[PDB]
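Here's the structure we're looking at; comments come further down.
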Amino acid sequence: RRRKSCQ
Amino acid sequence: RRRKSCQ
Amino acid sequence: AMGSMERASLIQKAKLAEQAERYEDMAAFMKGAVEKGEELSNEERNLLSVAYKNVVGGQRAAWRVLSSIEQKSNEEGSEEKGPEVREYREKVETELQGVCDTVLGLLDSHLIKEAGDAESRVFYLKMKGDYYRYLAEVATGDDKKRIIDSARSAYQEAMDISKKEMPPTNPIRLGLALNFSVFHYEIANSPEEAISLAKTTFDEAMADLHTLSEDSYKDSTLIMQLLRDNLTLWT
Amino acid sequence: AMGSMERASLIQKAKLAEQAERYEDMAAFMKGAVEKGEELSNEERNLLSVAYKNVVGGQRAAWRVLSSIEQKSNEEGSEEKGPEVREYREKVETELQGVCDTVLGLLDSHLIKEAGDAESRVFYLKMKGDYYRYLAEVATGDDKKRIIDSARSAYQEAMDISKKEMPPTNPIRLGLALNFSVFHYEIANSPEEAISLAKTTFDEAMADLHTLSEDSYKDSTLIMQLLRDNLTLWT
Ligand SMILES: CN(CCS)C(=O)c1ccccc1
Ligand SMILES: CN(CCS)C(=O)c1ccccc1
Ligand SMILES: [Cl-]
Ligand SMILES: [Cl-]
Ligand SMILES: [Mg+2]
Ligand SMILES: [Mg+2]
Ligand SMILES: [Mg+2]
Ligand SMILES: [Mg+2]
Ligand SMILES: [Mg+2]
Ligand SMILES: [Mg+2]
């Protein structure tokens, strides 16, 4: 699980 | 469904 | 290289490149469009962001793969395989830095200085923070603290504007907060600040959802869920 | 551009590029390795093929997206949107043709002429047929029949060698038959030949599976399933 950034 | 070629 | 192509044709081809998943072409077309010297519309800003985020995202993923191999290569008991892993990681790193420098150059010449409305200014300052953040991810030398501070400063200016001029559910404001929170967690070694920012952003957006149409509600709640995903990962 | 890098380092970096999903880099490294002038091992031939198949595969997918948009643009009742769709399709097409010409050039200078064992010769002649097939997919002019015939001729020489020198379960033989059958179906307007070839290839491989180890059985049956998939689609 990789943290989310704004894609 | 796309036909298969050698990948 | 795009100087001879009409601005409208560059935008049209950027959209075609997106449909074809040709993101390097998309970015080149949008760079050309920026260099025409006119301000970008909301749609055009989004095209610029999508193009470069996809290009650099591929580079970042490749850099992480190579960095992990290099790390394992330098553990105790590993066999000397020569300079090749380091060389190739450095090649990818230099290409990544070049893309970040290109984006930062477009922002500095002259997108930010002409951006007066909150929606454009916050968008571009967020982008500036993001590309300094990507530079910080690979930085190791004399200027690393300065790169981190450049990211921080751009994000902070964007935050200050967004809090004054945008509602707490505005998608740009939300995405900025998401990314600044990641900056705190991953770059600045400030997990508590990252968590606090994500939580307050989420809670303030939740309280403003009642003001929104169905379509705006969908847009805002999508980004709120990204904040929640990080809070669940981090706590 | 790779002339100053050691052959072994190029091969090592091609493998790193594969792990990082950097297929353009992978192809450039393998081109450099071929241009050292030595024959390729089985593993190295596979790296060359993987690299260029991934590069051209992306180009072909993009070309098909753009070609479909261009087609819709030229239907009755559609609005004139200018030359941009055609121009961009042509740009992608020219880049695709360039990659095919590069691969064909490596095969002609001098991989095929030095390939004496069936495993290498059939592999390279299959590749020659494949890259002429990709050229045929986008061809429309005076030389289109000649491009199709070049693909046919390379595939036919590979088939003739493979039937004499390889067992019917050999994965190279099977993949060649799969691709020649696709050539017949899609390029040569010969669906019956395509079906007959796929069926006889499948049946002759099935009868030889009893000779194989568990690992070879897995390799051969994987490609047999691709033949079956096409037979199910086509009948
Ligand atoms: C949905 N989405 C991306 C995820 S945050 C946005 O609306 C956005 C916000 C800021 C900058 C670019 C895109
Ligand atoms: C599994 N597989 C790819 C699918 S046919 C092969 O073994 C192969 C055969 C010929 C050329 C390249 C690869
Ligand atoms: Cl390198
Ligand atoms: Cl173009
Ligand atoms: Mg470096
Ligand atoms: Mg302005
Ligand atoms: Mg406002
Ligand atoms: Mg053409
Ligand atoms: Mg030889
Ligand atoms: Mg034999």
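Counting starts with 1 at the first residue shown.
According to its header, the structure was obtained by X-ray crystallography, 1.3 Å.
Using the three backbone atoms N, Cα and C, a Cβ is placed for every residue, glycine included.
Marked as expression tag by the PDB entry: C:1-4. Counting same-chain residues at least six beyond the ends of the expression tag (C:1-4), those with a Cβ under 8 angstroms from any Cβ of the stretch are 10, 28-29, 31-33, 35.
Taking all protein chains in view, 18 other C-beta atoms sit within 10 angstroms of the C-beta of C:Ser9 (phosphoserine). Taken from Swiss-Prot, the feature phosphoserine applies to C:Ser9 (among others).
Taking the Cβ of C:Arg60 (site 'Interaction with phosphoserine on interacting protein') as reference, residues of its chain lying under 8 Å away and at least six apart in sequence are, in sequence order, C:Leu96, C:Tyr134, C:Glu137. Per Swiss-Prot, site 'Interaction with phosphoserine on interacting protein' is recorded for C:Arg60 (among others).
In the three-state DSSP assignment, the secondary structure recorded for C:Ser78 (phosphoserine) is coil. Feature annotation from Swiss-Prot assigns phosphoserine to C:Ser78 (among others); the stated evidence is a large-scale study or a structure entry.
Cβ contacts within 10 Å of C:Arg133 (site 'Interaction with phosphoserine on interacting protein'), excluding its own Cβ and spanning all protein chains shown: 25. Per Swiss-Prot, the feature site 'Interaction with phosphoserine on interacting protein' maps to C:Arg133 (among others).
Helix, strand and coil content of the expression tag (C:1-4), in residues and according to DSSP, is 0 helix, 0 strand, 4 coil.
When the C-beta distance to chain D is held to under 8 angstroms, the recorded positions C:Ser9, C:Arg60, C:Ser78, C:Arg133 reduce to C:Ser9, listed in sequence order. Counting every protein chain shown, 10 other Cβ atoms lie within 10 Å of the Cβ of C:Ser78 (phosphoserine). Following the DSSP three-state reduction, the secondary structure of C:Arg133 (site 'Interaction with phosphoserine on interacting protein') is helix. A Cα-Cα distance of 53 Å separates C:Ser9 (phosphoserine) from C:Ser78 (phosphoserine).
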